[PDB]
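This report refers to the structure that appears directly beneath it.
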Amino acid sequence: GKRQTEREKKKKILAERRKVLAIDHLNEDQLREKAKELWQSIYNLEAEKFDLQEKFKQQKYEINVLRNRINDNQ
Amino acid sequence: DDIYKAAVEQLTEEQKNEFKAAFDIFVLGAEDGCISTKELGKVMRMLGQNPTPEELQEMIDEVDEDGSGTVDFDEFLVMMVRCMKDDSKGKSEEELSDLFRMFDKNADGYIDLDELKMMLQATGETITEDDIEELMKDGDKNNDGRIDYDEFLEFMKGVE
Amino acid sequence: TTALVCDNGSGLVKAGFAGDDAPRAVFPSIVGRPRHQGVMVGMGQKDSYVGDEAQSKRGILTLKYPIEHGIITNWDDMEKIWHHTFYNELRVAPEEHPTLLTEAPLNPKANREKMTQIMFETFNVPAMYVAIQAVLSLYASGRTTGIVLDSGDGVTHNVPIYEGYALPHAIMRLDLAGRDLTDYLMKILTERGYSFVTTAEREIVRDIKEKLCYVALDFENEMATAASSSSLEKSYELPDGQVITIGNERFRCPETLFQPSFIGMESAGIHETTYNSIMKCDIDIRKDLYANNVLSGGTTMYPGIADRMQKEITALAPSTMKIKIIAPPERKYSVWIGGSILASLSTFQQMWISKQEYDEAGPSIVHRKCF
Amino acid sequence: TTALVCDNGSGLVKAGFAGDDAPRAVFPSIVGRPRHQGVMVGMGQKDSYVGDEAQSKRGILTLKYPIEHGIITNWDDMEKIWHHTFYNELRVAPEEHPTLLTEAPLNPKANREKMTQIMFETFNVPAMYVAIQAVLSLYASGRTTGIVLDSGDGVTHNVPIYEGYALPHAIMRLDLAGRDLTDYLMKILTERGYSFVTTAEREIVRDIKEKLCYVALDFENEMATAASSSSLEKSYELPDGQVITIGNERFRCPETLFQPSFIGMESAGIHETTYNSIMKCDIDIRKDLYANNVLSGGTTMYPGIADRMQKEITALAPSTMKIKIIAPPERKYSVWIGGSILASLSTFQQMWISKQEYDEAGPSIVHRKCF
Amino acid sequence: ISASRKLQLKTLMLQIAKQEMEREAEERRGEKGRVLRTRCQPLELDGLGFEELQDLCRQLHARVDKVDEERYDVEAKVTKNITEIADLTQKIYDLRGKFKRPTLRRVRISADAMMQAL
Ligand SMILES: Nc1ncnc2c1ncn2[C@@H]1O[C@H](COP(=O)(O)OP(=O)(O)O)[C@@H](O)[C@H]1O
Ligand SMILES: Nc1ncnc2c1ncn2[C@@H]1O[C@H](COP(=O)(O)OP(=O)(O)O)[C@@H](O)[C@H]1O
Ligand SMILES: [Mg+2]
Ligand SMILES: [Mg+2]
């Protein structure tokens, strides 16, 4: 396996399994609402990405704490 | 200073039962409630409560210093309730770790005396004999030149 | 930023930032799943211990190397090893660091292409470059000519170089290396009564080989001496007591290098494949190659090999040429030191395989101009 | 709700709610029907006195243990014992409490399946789980490795464990235990004139064994000393007077543990089956097992056994390893304390055999994933 | 050394810690809002013709695919990092407090005063 399944999953998520959307094919109010949906989805997901960045920060802090404890104890 | 004393002011009947049992063991009526600290520790260990000799020795070194053996009721009840463990889980471990990483800005895997003392002065509390060097003496068990979150627990565990 | 000089190797993964003297983290490349059942609950038992962690719990694991002979036979395990190396032994995310892997000569293409594809897709490095393991060992010696014999643990290869121009028709790659010596030692120890079978006990036999074995200057005289006196028998304490005494197994294990007929291999020893590699070169650069023979790799650390090899080559070579064998004390990490030097060069800074180039030509970019 | 940590054992049933320090009710597991006729009318004479009640009326009963060697030979009596344990010694209906029985290693399957079928059909518990009696004793010591010798009253078994991974091929179960020592003591007491025959007098001999016997540090020296001086003769008062004097029967009764040839058993003592159990383990975890040898079970409470066993193993083992024998003062209830700890864990809360699972797969569910 | 001020000190520390945590949460929220606004510009919906919305939604969809790739990347990263962090937390626990989980006890309670009732 090595990871070919994992990369296949990655590609499917980024290209296929994403919310693959045909957008510019709708009536004026319909296209407007779909654009609003896309914009809101981007907003919420970007908030989530910031949360992931903050979690990366917390995990880094925990790693530093664990490393200092290990070095002190071993 | 205030917690156990106020609880004495608002005494509950649950602790009141043990208070009266110990008093009748000591005071048979129409007395000043002297209750010598030596006898206080002996009976506290005797009455099936927590047999911790450390609190008894602290009280003996602390009370009956007048040479009379009499113990004021306020301090008697305070030491009775404090021999029993009065704490609510010492908050949450992960919560306290987050509190301390907010406190600890260096983030070198530990925290030094400087951040701890800055937070201490941010708390806004008076300074007494157990300040200044009691924290240094207590936290420096292996004397690593720092007081980490684990060392901060080692100093004053069960923070409420 | 700084470059990551990783060096997969086969037996010890050596890594570290470019521009230092020694690799930052050196640890065996083994991934061992537990094999027993496990009854304690909540002990926090993982499903695979990699690196140096599995050399401490090896009593209940089944260690298996992911690299057999230079080539990589188990890609998932190799990916796990790389992930461990990046995240736990160096603690630097690969998204912000170029990498410089190393590869043995004459290896299958698919191995190299898969390596670059992994590095670009999974770890998502900015740029990676693959270099032949012998040119680096020549860098570390500070030379620019010479024929380098890099007897690793997986495969022994012998790349001659002159004035910076490698001679591709004179590379002699032989698959006898440290692992086969470990297996042969484990096989001849049975002649005294000590039986090592488990894949965990192969590590114990490897430790015996490292600490006790040495290369004899003259084989027959040593065989005669060890059969009469007892001045050679050195004892060694197993991980549980019951000391063992190694007799003439001491210099018979590494003698396989100069007589590969011991383990049934047909080819000639490392003393004669170097001379053959020289004789394939042109007639005018043979003196320089004779004078600048370089040793590298772990397995060339046996006490007394730099004299046996010189004696053998002097026997083979013409009497007029001077035979000199360069054996630096930092032999084991010679390849990695050379890798650090190469990655620290300014002239080399534009040879990396940039990610946009890979996106345009696919993994087959490595065989192209960016070698 | 809280879990019921029952522990059937063989000789003493120990039970109590999970999360405490000591079992709530400990009482012998004997069921004795009356044997004489009975002339008083209306005395309220029952047909079977179980538990600690039959240790007070034992003068007119015929006590018979329902568990011979770990296995259960008389299911009706065992059901009666369980019913008594639940309703009268704990006074908690089983309809509202999970149960955690314990079972010796290498026991017949049918015993375990019948046990779970009874617990689910008759008492109708919400969920029950069966655990090996040695892993719990390892829990109680707060370790995670070590080889535990759990010499109960029915059967002595020796389960080695490393890093939480039990080694199923190294379990050495031996059927010599406290009951055979009681019978042998009752058999050697006849050499002075005291004859105990009735099944009620076996209890008196058991009391003699508990209060007087001790394990000799060196057997031959003690045999020589007791045959010359009289400093060992300790006296004991029977339940009716007529004191008796035990001479060298004191250390000859528990010596059977280290020389099972006394009662005609072929196998080697508990001092050598531990070493054999260690030697079956892998070569890299033998040091840890040597250093963390754990004792448990009732029969390991003889005064002076933790020194005799250490001396014997040090004689057998290689001279370099350190031999340490963990003998906590709370040896008798070690298995139950470990059971309480295991039942109190959050990670373990989803391993119970839920009743709906039993309804779908029958009693053979116990051998399945829910072990 | 007085046992008097332990309660006041710990309560004051708790108050300071809660204030710091809520302040950090609020500033994180403000930073996240600013970063979102500078990463995803607010939608413009004033007097746009049909083609204006067509083009804007096309640009938004291209950005949607781009950010979907970015966030699936950071999501896989956070999944791997969280898994590894939990594993190392468990490793540190079994390294240090594994000898203490058995010590988690509520003992010496009922049997202390249940002796002479027999
Ligand atoms: N001091 C030593 N003496 C003898 N043999 C050694 C010594 N150190 C390492 N080796 C052998 O060399 C091997 C390590 O070789 P190494 O250079 O790490 O291989 P690679 O080229 O894959 O990095 C080990 O397997 C061991 O058998
Ligand atoms: N203090 C003691 N000294 C010597 N032997 C004892 C002592 N206490 C119990 N025993 C022996 O151990 C047996 C009880 O063992 P126990 O651990 O209760 O078995 P189980 O594993 O079935 O619970 C008794 O039959 C008795 O022979
Ligand atoms: Mg190499
Ligand atoms: Mg038992």
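Laboratory data are not the source of any read-out in this text; all were calculated from the coordinates shown. Quick reminder, even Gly has a Cβ in these numbers, built from the backbone with ideal geometry, and neighbours come from all protein chains shown.
Search the structure for amide H atoms under 5 Å from the amide H of C:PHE27, placed 1.01 Å from N in the peptide plane, and list their residues when 5 or more places away or on another chain.
C:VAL13
Using a ≥ b ≥ c from the Cα gyration tensor of segment E:19-109 (square roots of the eigenvalues), is it rounded, prolate or oblate, where a/c under 1.5 gives rounded and otherwise the larger of a/b and b/c decides, a/b for prolate?
Prolate.
Could you point to the residue in B:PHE152, B:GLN121, B:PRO53 farthest towards the positive end of chain B's charge dipole, with +1 and -1 charges on the Cβ of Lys/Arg and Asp/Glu respectively?
B:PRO53
What average count of beta carbons from other chains do you get within 10 Å of the Cβ of residues in E:41-50?
Mean shielding count: 2.
Mind running the shape call on segment D:283-333? Use the C-alpha gyration tensor, a ≥ b ≥ c as the square roots of the eigenvalues: rounded below 1.5 for a/c, prolate if a/b tops b/c, oblate otherwise.
Judged from the Cα gyration tensor, segment D:283-333 comes out oblate (a/c at least 1.5, b/c at or above a/b).
Please identify, among C:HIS169, C:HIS157, C:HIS83, the residue showing maximal mean-square fluctuation in a Gaussian network model of chain C using a 10 angstrom Cα cutoff.
Judging by the Gaussian network model, the answer is C:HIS169.
Please list, by residue number, every one of the trypsin sites (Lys or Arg not before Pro) in segment D:26-118 that is coil in DSSP and has at most 12 other beta-carbon atoms within 10 Å.
For trypsin sites (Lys or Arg not before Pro) across segment D:26-118 that sit outside H, G, I, E and B with at most 12 neighbouring Cβ atoms in 10 Å, the list reads D:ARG35, D:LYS46, D:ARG91.
If I model a spin label at D:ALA93 and D:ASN276 as a point 7 Å from the Cα along the Cα→Cβ vector, what separation in nanometres do I get?
A separation of 5.1 nm, rounded to one decimal place.
Suppose each label sits 7 Å from its Cα in the direction of the beta carbon; what would the D:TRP75-B:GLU18 distance come out to in nanometres?
Once both label points are built, they end up 5.1 nm from each other.
Taking H as built 1.01 Å from N, whose amide H comes closer than 5 Å to the amide H of D:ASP7, not counting residues under 5 places away?
D:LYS14
How big is the gap, in Å, between the Cα center of segment D:1-24 and the Cα center of segment C:163-180?
So the two Cα centres are separated by 70 Å.
On the principal axes of its Cα set, how long, how wide and how thick is segment C:210-282? Give whole Å, largest value first.
Between the extreme Cα coordinates on each principal axis of segment C:210-282 lie 55, 29, 21 Å.
Quantify how much of the Cα-Cα distance distribution of segment D:120-169 extends past 13 Å, in percent.
When all Cα pairs of segment D:120-169 are counted, 63 percent exceed 13 Å.
Please report the projected area of segment E:24-63's Cα convex hull averaged over all directions, in nm².
Here the figure is 3.4 nm², rounded to one decimal.
Placing +1 at every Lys and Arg Cβ and -1 at every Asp and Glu Cβ, with all other atoms neutral, what dipole size does chain E have around its Cα centre, in debye to the nearest 20?
1580 debye
Just to verify a number: FRET efficiency for D:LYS324 and B:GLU39, C-beta to C-beta distance, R0 = 25 Å, to 0.05?
The calculated FRET efficiency here is 0.05.
Round to the nearest 10 and give me the degree value, 0 to 90, for the angle of helix A:28-73's Cα axis relative to the longest principal axis of chain A.
The angle comes out near 0 degrees.
Once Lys and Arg get +1 and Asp and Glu get -1 on their Cβ, which of C:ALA343, C:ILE365, C:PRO328 lies farthest toward the positive end of the dipole of segment C:327-371?
C:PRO328
Given the alpha-carbon gyration tensor of chain B, what are the semi-axes of its equivalent ellipsoid in whole angstrom, ordered largest first, with each equal to the square root of 5 times an eigenvalue?
37, 17, 14
Could you work out the Kirkwood radius for segment D:65-220, taking every pair of different alpha carbons, averaging 1/r and inverting it, reported in Å?
Kirkwood radius, segment D:65-220: 18.3 Å.
If amide H atoms are built 1.01 Å from N in the plane of the peptide, which residues on other chains or at least 5 residues away come under 5 Å of the amide H of D:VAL148?
D:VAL159, D:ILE161, D:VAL294
Which three extents, in angstrom, do the Cα atoms of chain C have along their principal axes, listed largest first?
Each principal axis gives a Cα extent; for chain C these are 70, 68, 33 Å.
Taking the Cα centre of the protein assembly as shown as the origin, how large is its charge dipole in debye, to the nearest 20, when only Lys and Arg (+1) and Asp and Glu (-1) carry charge on their Cβ atoms?
3880 debye
With the Cα gyration tensor of segment C:44-91 giving a ≥ b ≥ c as the square roots of its eigenvalues, does the rule (a/c under 1.5 for rounded; else a/b larger than b/c for prolate; else oblate) give rounded, prolate or oblate?
Oblate, since a/c reaches 1.5 and b/c is not below a/b.
I need the GluC sites (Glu not before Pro) found in segment C:195-275, filtered to DSSP loop residues with at most 14 other beta carbons within 10 Å of theirs.
C:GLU233, C:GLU266
Taking θ = phi - 60°, what integer Hz values does the Karplus form 6.51 cos²θ - 1.76 cosθ + 1.60 yield along segment B:95-108, in sequence order, with x for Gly and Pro?
Listing the rounded values in order: 4, 5, 4, 5, 4, 6, 5, 5, 5, 8, 8, 4, 6, 9 Hz.
Find which of B:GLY33, B:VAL43, B:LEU99 sits farthest along the positive direction of the dipole of segment B:1-140, computed with +1 on the beta-carbon of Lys and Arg, -1 on that of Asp and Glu, about the Cα centre.
Working it through, the farthest residue towards the positive pole turns out to be B:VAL43.
If you average the sequence gap of Cα pairs under 8 Å that are 6 or more apart and divide by the length of segment B:8-160, what percent do you get for the contact order?
Computed over segment B:8-160, the figure is 20 percent.
Over chain C, calculate the relative contact order: mean separation of alpha carbon pairs under 8 Å at least 6 apart, over the residue count, as a percent.
Relative contact order for chain C comes out at 20 percent.
Going out from 0 in 10 Å bins, what whole percent of all Cα-Cα distances in segment D:221-359 drops into each bin?
Calculated over all Cα pairs of segment D:221-359, the distribution is 9, 25, 29, 20, 11, 5, 1 percent.
What order do you get for C:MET265, D:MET43, B:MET79 when you list them from fewest to most C-beta neighbours inside 10 Å?
Lowest count first: D:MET43, C:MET265, B:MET79.
So what are the ³J(HN,Hα) numbers for segment C:327-340, from phi and the Karplus equation (6.51, -1.76, 1.60; θ = phi - 60°), rounded to whole Hz, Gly and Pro as x?
With coefficients 6.51, -1.76 and 1.60, one gets 10, x, x, 8, 5, 4, 9, 4, 4, 6, 4, x, x, 4 Hz.
Note down the nm distance, to one decimal, between modelled labels 7 Å out along Cα→Cβ at D:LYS234 and at C:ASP21.
Modelled inter-label distance: 6.9 nm.
Short version: ³J(HN,Hα) in whole Hz for each residue of segment D:72-83, in order, from phi by Karplus 6.51 cos²θ - 1.76 cosθ + 1.60 (θ = phi - 60°), x for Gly and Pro, what are they?
10, 9, 9, 5, 4, 5, 5, 4, 4, 5, 5, 4
Select from segment C:193-282 those trypsin sites (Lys or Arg not before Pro) which occupy a DSSP coil region and have at most 15 other Cβ atoms within 10 Å, ordered by residue number.
C:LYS280
What is the list of residues in segment D:108-135 whose amide nitrogen lies under 12 Å from a point 7 angstrom out from the Cα of D:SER354, following Cα to Cβ?
Residues D:127 qualify, since their backbone N sits under 12 Å from the label point.
From the helices alone, meaning DSSP H stretches of at least four residues, give me the mean residue ellipticity at 222 nm for chain D, per-run term -39500 (n - 2.57), in deg cm²/dmol to the nearest 500.
Taking each H run of at least 4 residues, the total per residue is -8500 deg cm²/dmol.
Go ahead and run the numbers for FRET between B:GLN121 and A:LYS55, Cβ-Cβ distance against an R0 of 35 Å, rounding to 0.05.
Computed FRET efficiency for B:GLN121 and A:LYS55 comes out at 0.65.
Rounded to the nearest 20 Debye, what is the dipole magnitude of segment B:1-159 about its Cα centre when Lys and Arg each give +1 and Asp and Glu each give -1 at the C-beta?
The dipole magnitude comes to about 600 debye.
Can you bin every Cα-Cα distance in the protein assembly as shown into 20 Å intervals starting at zero and give me the percent of pairs per bin, rounded to whole numbers?
9, 27, 32, 23, 8, 1, 0
Return the tail of the calculated pair distribution for segment E:64-113, meaning the percent of Cα-Cα pairs more than 12 Å apart.
75 percent
Can you tell me what percent of all Cα-Cα pairs in segment D:48-155 are more than 23 Å apart?
In whole percent, the long-distance tail amounts to 39.
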